[PDB]
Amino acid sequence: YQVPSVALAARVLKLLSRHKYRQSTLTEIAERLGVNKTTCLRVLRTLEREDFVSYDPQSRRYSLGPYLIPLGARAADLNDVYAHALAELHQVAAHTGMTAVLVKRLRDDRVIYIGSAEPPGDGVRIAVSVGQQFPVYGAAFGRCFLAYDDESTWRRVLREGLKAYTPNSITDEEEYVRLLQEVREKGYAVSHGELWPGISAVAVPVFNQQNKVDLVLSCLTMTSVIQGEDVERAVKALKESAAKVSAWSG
């Protein structure tokens, strides 16, 4: 079963976390979600009374509300796995000088940025959109998820087709399979401009109790600046952090 209104409440919240829809009128939400204005408004008003959504009558725009702040903080700190993994991002960033990210496998072959940490102190930083979703196959993290799946999950997602985000996105199914073999041997993956042009990443799987991968830790930097020593550093930090997070997955 599915309760249609609760599912609609969730879709609204997910829509309002995208930058384009961070402040959206009723009509923009209805249109984007494909439901009539009255059904949306009912949900939005119930969500508003609980402070899950906020409403600015001066702009007639709805946004994510204040109650999600402590709710999200608690979802992090009440769970041993998430509390330690988010703390580890700060470790990774401080020791590598790269922007560190936690990626999480969702239902329907999607993944999501759960959090990030930017290196401390000053300078330009690379910043990611926290809460952005991605296909489970994309860039360095995609291969960290897929390399330890049973081939029941390999083939279904390969068969759907691989989107070419940039000219270096891996869309050849055979090349992708060889790279998955490579991830298993080395325990990490590197992408150069596969998702965003000029961005490279290093990713490492965090193993759950089934030897499977629900969480990936990632490091991000500019492709033009990355040297071999940077990859090695990122791999050590990420691997060490990953092993501490796996420890808590009991």
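Residue numbers run from 1 along the displayed sequence.
Peer 1: On mean Cα temperature factor in this entry, is 125 to 133 or 151 to 159 the higher one?
Peer 2: In the deposited entry, the stretch with the higher C-alpha B-factor mean is 151 to 159.
Peer 1: Per the entry, where is the mean C-alpha temperature factor higher: 39 to 47 or 207 to 215?
Peer 2: Comparing 39 to 47 with 207 to 215, the higher average CA B-factor belongs to 207 to 215.
Peer 1: Within this chain, which third does the Cα B-factor at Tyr176 fall in: lowest, middle or highest?
Peer 2: For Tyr176, whose C-alpha B-factor we compare with every modelled residue in the chain, the answer is the highest third.
Peer 1: Where does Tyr165 sit by CA temperature factor within its chain: lowest, middle or highest third?
Peer 2: CA B-factor rank for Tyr165: highest third.
Peer 1: Quick one: classify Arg60 as lowest, middle or highest third of the chain based on its Cα B-factor.
Peer 2: For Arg60, whose C-alpha B-factor we compare with every modelled residue in the chain, the answer is the middle third.
Peer 1: C-alpha B factor of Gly72, ranked within the chain: lowest, middle or highest third?
Peer 2: It falls in the bottom third of the chain.
Peer 1: Among the modelled residues of its chain, does the C-alpha B-factor of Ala140 lie in the lowest, middle or highest third?
Peer 2: Middle third of the chain for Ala140's C-alpha B-factor.
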